[PDB]
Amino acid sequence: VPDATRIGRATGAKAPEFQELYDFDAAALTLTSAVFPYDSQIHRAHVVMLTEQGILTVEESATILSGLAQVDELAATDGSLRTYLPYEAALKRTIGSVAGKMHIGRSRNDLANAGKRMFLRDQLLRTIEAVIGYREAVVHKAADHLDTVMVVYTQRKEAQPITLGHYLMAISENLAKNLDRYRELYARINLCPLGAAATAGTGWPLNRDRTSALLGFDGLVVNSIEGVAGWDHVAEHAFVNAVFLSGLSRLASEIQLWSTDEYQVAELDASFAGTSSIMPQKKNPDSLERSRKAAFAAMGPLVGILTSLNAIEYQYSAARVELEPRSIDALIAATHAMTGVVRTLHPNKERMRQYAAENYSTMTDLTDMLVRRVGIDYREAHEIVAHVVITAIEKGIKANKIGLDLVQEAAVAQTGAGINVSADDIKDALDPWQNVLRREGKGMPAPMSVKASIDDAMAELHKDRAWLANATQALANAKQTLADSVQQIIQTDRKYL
């Protein structure tokens, strides 16, 4: 059965990234179902630690660990086993009273705080991976468009000429700092609260560093109150999502204006556009607007979480608002969609060049030229070029048809004095590509400086990938350490005891 929205001008299939924006809502897990796999990992890690600490015998531990695998299997289909106390009771029904001993020195409070960290931890690595691929697509696009001259806007008005690659590298610098945020946050998520128990620790001699290590954490939440009352990392995760998505919404809005029927300087790839059921001419930026929607929605969890922390004491509280999987899924779907929008965007290079040459964004360089040459104050040159533009628009003269006559008229009419400049001097000031080439300092649109930025961004992207690989592998290693420590306790009880 075909995608019924792919009709008329909406040709082909939705891009996969584009379809993600339609799928994430229905597919999102509840927080309970997203967190409960991490609970099972904590039960094993905690039990292993109790066995290493002699709080449980190798035989008690082996019994418990074999039962966890059993109840985990029941929980795959019995949703009622995905919260702790029902899970513990099922373990009791499976292996007997020894079940209860897995909760020695532990509470639901530090179990939940830890388990949710492990969830957000994986979702932070998932996010960094998405943002990295988004930066990768932006920089790779920029490298193909060092010569694609076009205007930059301020206040939605044409400002000066630049290049598409220069613009995209603004986004790259935006994302580099957002990746810094996500990495700095990871250092605060990946702290282990286990061992705080309810909020006050316990008399049982737990090895907190061992449980943290077996679960992939890079350190402890030390104080036990902070272990169960700490929630700022949830707030912060919501914020970084919000602010990163605000930049994604601004790129989305920028491309949507580029691709208006009126600008006509870029077109969405067919695979990232839809159409109307009533208006056959529509090529609709559904991917852009659903991506912006995610950015706006991301405000919600941020405010909900912060409101809830402002509402309580510095205690464990069940009143605290969570960052939900469906919010993070929205972020990933939008980042993926915009990664593909950027990769496949089709700029109309000739119309871009047309505006830059015709619609007066080169007037700064005409002004700079009078100052640099005839050496008048920037404020008097400005009034002349301003009158040049006023007169040009009245007479219907595009900026690239402005000549020595008009600049002389304006100079005379505004100062009673002509100006010593050549027709060539003027034509060169109004050449939008020359406007670009003159702008060659750091971070300016001249190809040589943009390419420099690209080289630096490509080196940072390598650092970005290496950081992610390390973080990811550090978790895979602990997770395999834990799995092995579990098979040991179990397999020896079976064979030699």
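Heads up: residue numbers just count along the shown sequence, starting at 1. Between two forms, the rigid core is the largest collection of C-alphas that superpose within 1.5 Å.
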- Item | Stretch with greater C-alpha deviation in 5 other deposited structures of this protein, 342-350 versus 415-423 (rigid core superposition) | 415-423
- Taking the deposited Cα B-factors and averaging over 56-64 and over 453-461, the higher mean is found in 56-64
- Task: Could you check which stretch, 477-485 or 19-27, carries the larger mean CA temperature factor in the entry?
- Result: 477-485
- Tell me, please, which of 160, 207, 310, 259 has the highest C-alpha B factor according to the deposited entry? 207
- Task: Going by the CA temperature factor in the entry, name the top one among 199, 344, 246, 414.
- Result: 414
- Item | Cα B factor band for residue 282 (lowest, middle or highest third within the chain) | lowest
- Divide the modelled residues of the chain into thirds by Cα B-factor and specify which third, lowest, middle or highest, holds residue 170. lowest
- Is the Cα B-factor recorded for residue 186 in the lowest, middle or highest third of its chain? middle
- Against its chain's modelled residues, does residue 125's Cα B factor rank lowest, middle or highest third? middle
- Taking the C-alpha B-factors as the PDB entry records them, is residue 177 in the lowest, middle or highest third of its chain? middle
